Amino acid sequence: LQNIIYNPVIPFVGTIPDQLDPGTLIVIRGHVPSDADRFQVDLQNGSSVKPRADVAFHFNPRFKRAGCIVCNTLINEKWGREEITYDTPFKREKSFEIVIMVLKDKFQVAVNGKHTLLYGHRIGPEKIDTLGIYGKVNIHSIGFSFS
């Protein structure tokens, strides 16, 4: 892996040091605290807060009740149509590895070595230059594999 970041402070907002071309991997290892309600990994067009940076891919594990993962896109401060995955591999008090693979028409995400979901591009992946991680999560490392 390339351009590795260790033990970042959350919230983390960092520049992605190269293009997200097809085959590019974003690898995030961490653990979920016992009191987690939710956390999110956001692939963003910049880091503006006013107006809020568009979020090409919002990947949002939620932990209340049975749990789920919500995915969405934010364009001009409006959320689009949510895509919900009910078969969530995340658990409070457990470590994880998220691998996001960028493909031509979509993202593919695997967690703990098992395929989890797909998310079709709504914003051109060329516009993504920023990785945001927010919420109740502890991140051990972030790494990239650029194609």
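Throughout, we count residues from 1 along the sequence that is shown.
Q: Pick between 110-118 and 88-96: the one whose mean CA B-factor in the entry is higher.
A: Taking the mean C-alpha B-factor of 110-118 and of 88-96, the larger value falls to 88-96.
**Q.** Stretch with the greater mean C-alpha B-factor as recorded in the entry, comparing 75-83 against 24-32
**A.** In the deposited entry, the stretch with the higher C-alpha B-factor mean is 75-83.
Q) Comparing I5 with the other modelled residues of its chain, is its CA B-factor in the lowest, middle or highest third? A) Its C-alpha B-factor, which the entry lists for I5, ranks in the middle third among residues of this chain.
Q.
Is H58 in the lowest, middle or highest third of its chain when residues are ranked by C-alpha B-factor?
A. CA B-factor rank for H58: lowest third.
Q. By its CA B factor, does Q19 count among the lowest, middle or highest third of the modelled residues in the chain?
A. Its C-alpha B-factor, which the entry lists for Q19, ranks in the highest third among residues of this chain.
Q | Chain-wide C-alpha B factor ranking for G132, given as lowest, middle or highest third | A | Lowest third, going by the recorded CA B-factors of the chain.
Q. Going by what the PDB entry lists, where does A66 fall on CA B-factor within its chain: lowest, middle or highest third?
A. As the PDB entry reports it, the C-alpha B-factor of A66 lands in the highest third of its chain.
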